[PDB]
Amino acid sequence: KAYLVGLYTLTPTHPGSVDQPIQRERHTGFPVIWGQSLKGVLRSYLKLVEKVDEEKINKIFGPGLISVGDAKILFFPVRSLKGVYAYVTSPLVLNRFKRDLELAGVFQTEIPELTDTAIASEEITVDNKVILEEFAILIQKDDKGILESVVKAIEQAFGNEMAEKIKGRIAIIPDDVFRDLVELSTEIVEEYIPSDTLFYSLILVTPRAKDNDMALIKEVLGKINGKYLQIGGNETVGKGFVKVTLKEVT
């Protein structure tokens, strides 16, 4: 079995590997949080905040019994003329997400290719385009209900509160533009991912597990749903606070 994890940054963040740049995928340039880091904060959180038994932890995480994946960006917040900001994703991102769900053992609605046009909520459209920082991006008419199936996916994967926050404020952009945005619209004071970014990660149970272990895992891990964590450097000046969701896949 698999658990799906949502990470919503509440505060500018510099995860893991502070004049050094944030970690990115070698071939895309997308920001990412390594599963090592992530495992770290999850474990240490179950120890220092949840008071879980150290032994239950060693049975689940090691000194293991699960795999904590790299968290990957699903929605990235961008300055938007109409609306104040938009949740920007893209076809590459969405497909990678669908592929990851399939790996988890799971969303069967065709994501459309886009190269020069966007599909967006109406709430952020100045007819007839979405305007994200510099770029004005021409909008195509959503007549396949893609936004509502995506809002639906958000709701099934991260809950009502998250789907609510996002709904009305969503834009699907050409991939290259999305990549430009996430490379050039990072928070600089040095570099941070913005404070309304949404990440997702998989937790996978080993096939050699028995039902007692599955029960153990379900219990311990369920204690992170709806909770607040810190990740990255600069914790004392208010950076890296995130809001975690956890969800048993079917």
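The first residue of the sequence shown is number 1, and the count goes up from there.
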Looking at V189 and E190, the deposited sequence has unmodelled residues in between totalling 10 or more
Please count the deposited residues lying between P63 and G64 that the model leaves without coordinates, and give the class: none, 1 to 3, 4 to 9, or 10 or more. 4 to 9
Look up the CA B-factors in the entry and say which stretch, 212-220 or 37-45, has the higher mean. 212-220
Between 194-202 and 54-62, the record assigns the higher mean Cα B factor to 54-62
Looking at the C-alpha B-factor values in the deposited entry, which of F76, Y85, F107, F97 comes out highest? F107
Splitting the chain's C-alpha B-factors into thirds, which one does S17 fall into? highest
Consider only the C-alpha atoms of the modelled residues in this chain, order them by B-factor as the entry records it, and name the third containing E102: lowest, middle or highest. middle
Please rank the C-alpha B-factors of the chain's modelled residues and tell me whether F158 sits in the lowest, middle or highest third. middle
Report the third (lowest, middle or highest) to which the CA temperature factor of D127 belongs, ranking only the modelled residues of the same chain. highest
Ranked C-alpha temperature factor of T115 among modelled chain residues, by third: middle
